[PDB]
Amino acid sequence: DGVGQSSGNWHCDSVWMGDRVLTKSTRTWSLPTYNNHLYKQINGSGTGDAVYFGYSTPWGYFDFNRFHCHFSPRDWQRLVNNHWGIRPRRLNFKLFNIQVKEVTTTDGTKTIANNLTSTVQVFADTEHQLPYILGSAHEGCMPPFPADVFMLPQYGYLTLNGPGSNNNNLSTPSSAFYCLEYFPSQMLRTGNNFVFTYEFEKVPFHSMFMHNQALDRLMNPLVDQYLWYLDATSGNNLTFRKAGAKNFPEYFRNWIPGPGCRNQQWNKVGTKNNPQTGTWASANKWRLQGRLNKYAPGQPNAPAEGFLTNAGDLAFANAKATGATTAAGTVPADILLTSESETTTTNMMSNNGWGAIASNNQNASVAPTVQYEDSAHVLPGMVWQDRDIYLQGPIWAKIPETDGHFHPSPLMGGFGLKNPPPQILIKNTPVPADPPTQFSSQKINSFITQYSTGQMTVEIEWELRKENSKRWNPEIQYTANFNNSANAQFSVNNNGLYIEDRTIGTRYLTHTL
Amino acid sequence: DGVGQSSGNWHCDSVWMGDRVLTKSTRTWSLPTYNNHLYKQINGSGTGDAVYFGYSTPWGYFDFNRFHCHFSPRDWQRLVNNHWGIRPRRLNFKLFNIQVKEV
Amino acid sequence: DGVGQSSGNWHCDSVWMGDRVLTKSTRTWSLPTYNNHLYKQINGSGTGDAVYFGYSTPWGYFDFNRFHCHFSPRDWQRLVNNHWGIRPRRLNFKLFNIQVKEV
Amino acid sequence: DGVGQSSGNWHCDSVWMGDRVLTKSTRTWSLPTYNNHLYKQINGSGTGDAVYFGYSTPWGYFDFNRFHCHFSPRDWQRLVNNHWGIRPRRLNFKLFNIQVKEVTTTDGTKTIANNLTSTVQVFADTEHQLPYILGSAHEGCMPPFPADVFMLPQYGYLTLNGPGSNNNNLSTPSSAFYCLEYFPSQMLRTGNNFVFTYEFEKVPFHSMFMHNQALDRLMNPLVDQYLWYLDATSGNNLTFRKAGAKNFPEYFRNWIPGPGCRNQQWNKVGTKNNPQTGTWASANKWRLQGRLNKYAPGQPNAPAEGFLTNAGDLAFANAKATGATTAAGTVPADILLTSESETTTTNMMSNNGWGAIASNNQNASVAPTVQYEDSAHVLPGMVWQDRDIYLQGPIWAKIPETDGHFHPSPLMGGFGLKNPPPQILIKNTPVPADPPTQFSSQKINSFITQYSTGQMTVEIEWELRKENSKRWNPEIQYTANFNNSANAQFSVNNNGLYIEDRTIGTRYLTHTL
């Protein structure tokens, strides 16, 4: 209460109790005033694959979505080595210690004061009535490292566009315009605070295990099958062979490898690659409304060893990389690659097609031939693994409401949700400057320049699956690198900059297929 | 209460329940000081069709009278297509988060 | 009961109550005698894409399946502008005022 | 119940009890099949004052609206001589003894049989959701005389039309189409019967009295007023005269005569009139949507004695007049005129304007002048009488639902009602002929020709006002004519045809103004 007493305390920790783990995190945020308190439509130019119609909004939004917001690199190691699965359960959100500050510029110098009576106004959208921009893997999340202070991103959305003469950017009768002040928000001065709770609906555990067997390798090698097939037509008579005696390709099997499609493969060594000034021409693409879009990422189809793909798998970067690009003779040291090769026991590899198939009918005078299938799709009796969740990856996504969807899991990995966590939106309440004495009906153009800052917290209850495995011998686990390095891993440098040295997937411990 | 805590919250929405509809709206306003805190009479000149005698006042007034203050263009569409009539019943007015500034 | 008194009344209307809508419809139908009271098999000729084997039956069947049987064009307009979804729940079927005539 | 026993009995009578009178009436009706069970739109041709768009309907309707359906000429005499007012209260409606008959034509002869299993279907519209065609003074009501058998009229309505190129008959986007089978009617075989009840909302009594005094004549003649006026300007000085000494035009009065307008007057003697081949050019007219309409009847403005007007007052005809026209050197013997001359004590006469008014400002050198007002409208402090109800006139009308209306009483006379008696609609249920053996999806073209007949009854509870008047001398009352005539009045002739000899208004007894 009041100006003098604080509205909250700092909670950042992790609590491991039985099969539950409970993470708490707090950060300090800074909110500017976007668009001078205005809504503005934004649109592209001309015809092309990138054309858009939308609205930029004088609001800002908290995004905690990404994993390592909630986990320290030790808690992640501790999590992925000991357990076969994780899913979220509950979350708890709070804002406190709001303080609003005003800026004044005399000549060329700034003087920042503190306005005690100014407010900010915040609301969460529980019914998902606004366009949902989370789960799209944007920037502007809580930083990895608790001592960083970050600036909240601006909120905006974009909507249907339409075919004008030379312009596909022309709005359509159904383009929606949402005013966020038509929501019943909550106005907060410096003393009072904001809170709400949320509960996840049941989802399946994410599998933290790598398989112990290939599909084609599921059998007893010591005894042959009782099934018979036609091996040899020669000699004007049919010859049936019995499946067995250590010839694996011939066995009958109940299950078949998962779906996928080929993807162009680019060697990590730079000298062997073909010198293309862009990879857009060679990418896998899908098209919607007459315009083509890169297909990324595909199904978790691993490439060949020593190769990679164009946006086929996720990739990250350090804090050392600023700007839009980096380059090196091999994959740059700032780039953090991910690899799905743990899934090659079930999922299809990207370096060649799915299989062959019968090309033609035969007779005595024509030879049988076969043709190769480059792509595959879902068939009955077929199994696959979903893409892995990383420490730097997104936690969830919103399943779009549609008349149908198949295996609704995000292609970037995550937990697909019908009712995801509500977006949280915040704004600085506009304070006008001194009005004129004579009345004028026009809008107020000029306001008092001000910004706000405070602290937030996120507390998520995670459910996790125990690991019971009777394998004798030891398993691969995540360990720190063994070299003496100038900078300790997952730690600041001399200049004070926090650095993630590499991505960490959750699949180490094995499991029988 | 006090300087530190807010005196209200933002309500703008519409609720359609049966044969009642309930609209809420909020705006942010700015009030100057008119006439240097003075009352002044005002009057025209000469003879003609427009001639007047009156007083200008160091006061200001809230006017919500006009319709679209209370309805969004979707709520209006939703109203006029589905119904044969409308009349008002009750209203509720509030001011809050007053703050005074000197120049 | 009896020849003199009617076995039912005419119900065609629509009732919109909350999130339920209840449609009633009545029609007048005429049933001949098909196939002279006989079952007959029917079949095509030769080889081709259209070839069939079946039976024609001395029976007849009520089909209300199609939508606009149940909705007037105003009730449809009223339905599709105001709502995000529809599904059926229950149905109730009746025949009455049967009368048989000889030629 | 059953085919063998009857569903009702004959009630026609009148019961005078205190201040209530209760009338019962029954008739026998015959219903054909209109439009071969089809709805059809109907429309005019070209541009003009009469242009229309509407729908004819395979339905028929009972209309009891007109007065003498409910009253015999003796009950009317008994009513209008003894009482100062009447208003309706309740009504009760019944159908019974329905029987349906089918028609067969072999060669050129008809053979009518009786179909026991056929039905008719009937409903009343309580909520007034259909177009309301009653109160428009059409034909097809219950006959005056209980032994007549009548045929029910066809139901139809007409709706907005629109400006096509050369055609104003073109439908408009808002033209409404009503299907009467989309109403939940009631299906009736020969045994079962139909009934409903209705209750009138409070309305003012219709005044059965003629006034005992003129407006300008309300005063005490024996004493002069105390009010002074300016009689004479002459002599360079003002001269005030005191109102009184038996000069009536000069008196001040609190009230002024009612509204009206002039109307062209046509002498009953045919030789004095001007030979116009039509009166449309000379009629009083009002115009709506660019097309002109005769203004009939106007406010109850009596004409001069021995004159009449063009549709200024109601007019009727005998049963002897069939066809669209009758002519005689004077007003024909079949035509039944009505006269409002009882109202001349308050209402304005039609033979000249309402009054004079000041034309100009004056000075010493210009004389004062006045101009004459041909029309008048409603002013504060002004009184009038409504048009009288006759024995052959309509009882009520429906006040159209509108944002405003003034003194809502029907200009033809009657009781204006917000919620009038519900229309009653009836149809022969279609019975198809023998269908073909091979299925065909087209509509059934051919049906079994049939018609129905039965009896109806109407029982109305009337409220009426007692007459207490202390005038010494006797009053005018309605009496039968004093001549010996070949045919008794209000009675059949040799050929068996019932004849109303003249109209009868309700205003005989007087009342003080």
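Refer to the preceding data block for the structure.
Conventions used here
- Residues numbered from 1 in each chain as written, not as in the entry; some residues may be left out.
- Chains lettered and ligands numbered in written order.
- Part of a larger assembly, values for the part shown.
- Heavy atoms only, no water.
- Helix = DSSP H or I, 4+ residues; strand = E, 2+ residues; numbered from the N terminus.
- Rg over C-alpha atoms; globule rule 2.2 N^0.38 Å.
- Buried < 20%, exposed > 50% of the residue type's maximum accessible area, 1.4 Å probe, protein only.
- Contact = heavy atoms within 4.5 Å.
- Areas by Shrake-Rupley, 256 points an atom, 1.4 Å probe, with all protein chains shown as cover.
- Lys, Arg positive; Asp, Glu negative; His and termini not counted.
- Charge placed at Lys NZ, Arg CZ, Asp CG, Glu CD.
- Salt bridge = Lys/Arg side-chain N within 4 Å of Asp/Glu carboxyl O.
- Buried area = accessible area lost by both parts, 1.4 Å probe.
- Polar contact = N/O pair within 3.5 Å; in protein donor to acceptor, adjacent residues only side chain to side chain.
- Nonpolar A, V, L, I, M, F, W, Y, C, P; charged D, E, K, R; others polar.
- Pairing = 2+ DSSP bridges.
- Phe/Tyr/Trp six-rings, centres within 6.5 Å; stacked < 30°, edge-to-face > 60°.
- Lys NZ or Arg CZ within 6 Å of the ring centre and 35° of its normal.
- Patch = residues over 30% accessible without salt bridge, like charges linked within 9 Å, V, L, I, M, F, W, Y side chains within 5 Å.
- Disulfide = S-S within 2.5 Å.

A. Looking closely at the overall build of chain B. A count of helices and strands for chain B gives one helix and four strands. At 21 Å, chain B has a C-alpha radius of gyration far larger than the 13 Å of a compact globule built from 103 residues. With the C-alpha coordinates aligned to their principal axes, the bounding extent of chain B is approximately 55 × 50 × 20 Å. Every one of the 103 residues in chain B was classed for burial, and the buried ones make up 16%. Of all intrachain contacts in chain B linking residues separated by at least 6 positions in sequence, the fraction that spans at least 24 positions is 36%. Surface summary for chain B: the accessible area is close to 9200 Å², and the carbon and sulfur share equals 54%. Across chain B, the mean location of the 12 positive side-chain charges is 6 Å away from that of the 7 negative side-chain charges.

B. Layout of the overall build of chain A. A count of helices and strands for chain A gives one helix and 32 strands. Taken over the C-alpha atoms alone, chain A extends approximately 110 × 65 × 45 Å along its principal axes. Here chain A, with 513 residues, has 38% of them falling under the buried criterion. Pairs at least 24 residues apart make up 73% of the contacts formed inside chain A by residues separated by at least 6 positions. Carbon and sulfur atoms form 51% of the exposed surface of chain A, whose accessible area is close to 28900 Å².

C. Inspection of the environment of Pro58 of chain B at higher detail. Residues and elements named next belong to chain B. Tracing the chain through its elements places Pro58 in the loop between β4 (53-56) and α1 (73-82). Separated by 11 residues in the primary sequence, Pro58 and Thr47 have C-alpha atoms spaced 28 Å apart. Among all residues touching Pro58, those that are not within four sequence positions of it are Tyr34, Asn35, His37, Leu38 and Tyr39.

D. View of the pattern of salt bridges. All names here are of chain A. On inspection of all chains with the given rule, the structure shows 36 salt bridges over all chains. Across the salt bridge formed by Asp224 and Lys242, the nearest N and O atoms sit 3.8 Å from each other. Residue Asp224 is located in the loop between β15 (210-211) and β16 (228-232), and its partner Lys242 is located in strand β17 (residues 239-242); the two are separated by 18 residues in the primary sequence. Take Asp224: its relative accessible area is 42%, and that puts it in the partly exposed class.

E. Just the interface of chain D and chain C, in detail. At the junction of the two partners, chain D supplies 31 residues and chain C supplies 25 residues. Of all residues in chain D, the largest losses of buried area upon contact with chain C belong to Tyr182, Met187 and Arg189 of chain D, amounting jointly to 30% of the total for that side. Where chain D meets chain C, there are zero salt bridges. At the junction of chain D with chain C, the criterion picks out 12 residue pairs in polar contact. Across the side of chain D that touches chain C, the residue classes tally to 15 nonpolar, 12 polar and four charged.

F. Here's a closer look at the interface of chain A and chain B. Taken together, the contact between chain A and chain B spans 31 residues of the former and 25 residues of the latter. Buried surface at the junction of chain A and chain B, summed over both partners, amounts to about 2100 Å²; 54% is from carbon and sulfur atoms. When the buried surface of chain A facing chain B is broken down by residue, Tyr182, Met187 and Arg189 of chain A rank first, second and third, together holding 30% of it. Put simply, chain A and chain B have zero salt bridges between them.

G. Region of interest: the arrangement of the chains. If you take every C-alpha in chain A and every C-alpha in chain D, the smallest gap between them is 23 Å, and the two do not touch. The two units chain B and chain D remain apart, with a minimum C-alpha distance of 11 Å.

H. Expanded view of the pairing of β17 of chain A. Residues and elements named next belong to chain A. Two elements, β16 and β17, share four bridges in a ladder whose sense is antiparallel. Counted as the bridge partner of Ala232 is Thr239 from β17. The antiparallel hairpin formed by β16 and β17 contains six residues in its connecting segment, where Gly235 sits at a positive phi of about 90°.

I. Highlighting unusual backbone geometry. Following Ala296 of chain A, the chain continues into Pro297 of chain A via a peptide bond in cis, with omega recorded as -25°. Summarising the element assignment, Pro297 of chain A is placed in the loop between β20 (291-294) and β21 (307-309). Non-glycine residue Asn36 of chain B carries a positive phi angle of around 50°. If you trace the backbone, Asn36 of chain B turns up in the loop between β2 (20-24) and β3 (40-43). Overall, the relative accessible area of 63% leaves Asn36 of chain B in the exposed class. Backbone geometry at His128 of chain D places phi at a positive 60°, although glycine is not the residue there. Positionally, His128 of chain D belongs in the loop between β7 (120-124) and β8 (149-151).

J. Fine view of the pairing of strand β4 (residues 53-56) of chain C. Residues and elements named next belong to chain C. With burial as the criterion, only one face of β4 is covered, namely that bearing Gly54 and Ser56; the residues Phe53 and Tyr55 on the opposite face remain uncovered. Pairing analysis gives four bridges linking strand β3 (residues 40-43) to β4, with the strands arranged antiparallel. For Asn43, the partnering residue across the bridge sits in β4 and is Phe53.

K. Seen up close, the packing of aromatic side chains. Per the counting criterion, the structure on display carries 66 aromatic pairs over all chains. A ring pair is formed by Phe67 of chain C and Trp76 of chain C, whose centres lie 5.8 Å apart and whose planes are at 65°; its orientation type is edge-to-face. Here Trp76 of chain C falls in the partly exposed class, since its relative accessible area comes to 39%. Between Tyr55 of chain D and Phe177 of chain D, the ring centres sit 4.9 Å apart and the planes meet at 65°, which makes this aromatic pair edge-to-face. Residue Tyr55 of chain D is located in strand β4 (residues 53-62), and its partner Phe177 of chain D is located in the loop between β11 (170-171) and β12 (186-188); the two are separated by 122 residues in the primary sequence. Put simply, the rings of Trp29, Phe62, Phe64, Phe93, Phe194, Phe196, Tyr198, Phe200 and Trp396 of chain A touch in pairs and so form one group of aromatic residues. Between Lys285 of chain D and the ring centre of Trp280 of chain D, over which it is positioned, the NZ or CZ distance is 5.3 Å.

L. Highlighting helix α1 (residues 73-82) of chain D. Of the positions making up α1 of chain D, those classed as buried are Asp75, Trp76, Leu79, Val80 and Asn81 of chain D. Buried residues along α1 of chain D sit in contact with β1 (13-17) and β5 (85-106) of chain D.

M. Structural detail: the side chain of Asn192 of chain A. Relative to the elements of secondary structure, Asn192 of chain A occurs in the loop between β12 (186-188) and β13 (194-199). In terms of polar contacts, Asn192 of chain A uses its side chain to reach the backbone amide nitrogen of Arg189 of chain A, at 3.0 Å. Ignoring anything within four residues of it in the chain, the contact list for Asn192 of chain A reads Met187 of chain A together with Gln5 and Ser6 of chain B.

N. Expanded view of a nonpolar patch on the surface. Residue and element names in this part refer to chain B. A grouping of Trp29, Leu31, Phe62, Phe64, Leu91, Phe93, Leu95, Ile98 and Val100 is seen on the molecular surface, where their side chains present a nonpolar patch of about 960 Å² in accessible area. With respect to the helices and strands, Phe62 occurs in the loop between β4 and α1. For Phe62, a relative accessible area of 43% corresponds to the partly exposed category.

O. Representation of the side chain of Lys427 of chain D within the structure. Residues and elements named next belong to chain D. Summarising the element assignment, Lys427 is placed in strand β28 (residues 424-428). Judged by its relative accessible area of 9%, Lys427 is buried. Polar side-chain contacts of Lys427 include one of 3.0 Å to the side chain of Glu181. Apart from the residues within four sequence positions on either side, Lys427 is in contact with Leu31, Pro58, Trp59, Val120, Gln121 and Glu181.

P. Broad picture of the environment of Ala137 of chain A. Positionally, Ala137 of chain A belongs in the loop between β7 (120-124) and β8 (149-151). Here the alpha-carbon distance between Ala137 of chain A and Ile395 of chain A, two residues 258 residues apart in the chain, equals 9.6 Å.

Q. View of the state of the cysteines. Per the counting criterion, the structure on display carries zero disulfides over all chains. Not engaged in a disulfide, the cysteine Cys69 of chain C finds its nearest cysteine sulfur in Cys12 of chain C; these two sulfurs lie 11 Å apart. Classification of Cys69 of chain C as partly exposed rests on a relative accessible area of 28%. Considering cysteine sulfurs only, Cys12 of chain C is the nearest to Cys179 of chain D, which forms no disulfide, with 7.2 Å between them.

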